[PDB]
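Taking the form deposited in one PDB entry, here's one chain by itself in structure tokens.
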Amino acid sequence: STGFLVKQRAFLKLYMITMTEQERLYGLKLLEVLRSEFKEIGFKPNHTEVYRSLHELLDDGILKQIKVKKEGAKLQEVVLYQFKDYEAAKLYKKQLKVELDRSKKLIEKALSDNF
């Protein structure tokens, strides 16, 4: 893949993985949390990208689905996420550190030569 910058889905997948570590999340939650979290910097990911990233982590057997009901005040069906293979997660999280690390390096090298 010509060794360029970290793909978007990898960038999300990383975020899902970490947020599963702390809370229980589903698609539209993570999206809105991210949408907010970045708004300033200016990155505004779409929903279908999130749902793609998620289903990969499924097919990769890192995570698994549960069809629960998060009420609050209503009675809505919502697909929540938990770890299937948490070693698998740990491993991928480490790869993504490496990825981000290069990604930083490139940006900082470009940013150094050209300006």
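Only residues modelled in both forms are compared. In this text, rigid core is short for the largest set of C-alphas that superpose within 1.5 Å between two forms. Residue numbers here begin at 1 and follow the sequence given.
The form deposited in another entry is left out here; the points below concern that form.
Enquirer: If the two forms are fitted on the core, does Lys70 show a Cα displacement reaching 2 angstroms between this form and the one not shown?
Expert: Superposed on the core, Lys70 moves its C-alpha 2 Å or more between this form and the one not shown.
Enquirer: Taking the rigid core as the superposition reference, indicate whether the CA of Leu80 shifts 2 angstroms or more between this form and the one not shown.
Expert: Yes: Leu80 shifts by at least 2 Å between this form and the one not shown.
Enquirer: Superposing on the rigid core, is the Cα displacement of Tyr51 between this form and the one not shown 2 Å or more?
Expert: False for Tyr51: its C-alpha shift is below 2 Å.
Enquirer: If you overlay the rigid core, what runs of at least 3 residues show Cα shifts of 2 angstroms or more between this form and the one not shown?
Expert: 26-28, 66-80 are the stretches that shift between this form and the one not shown.
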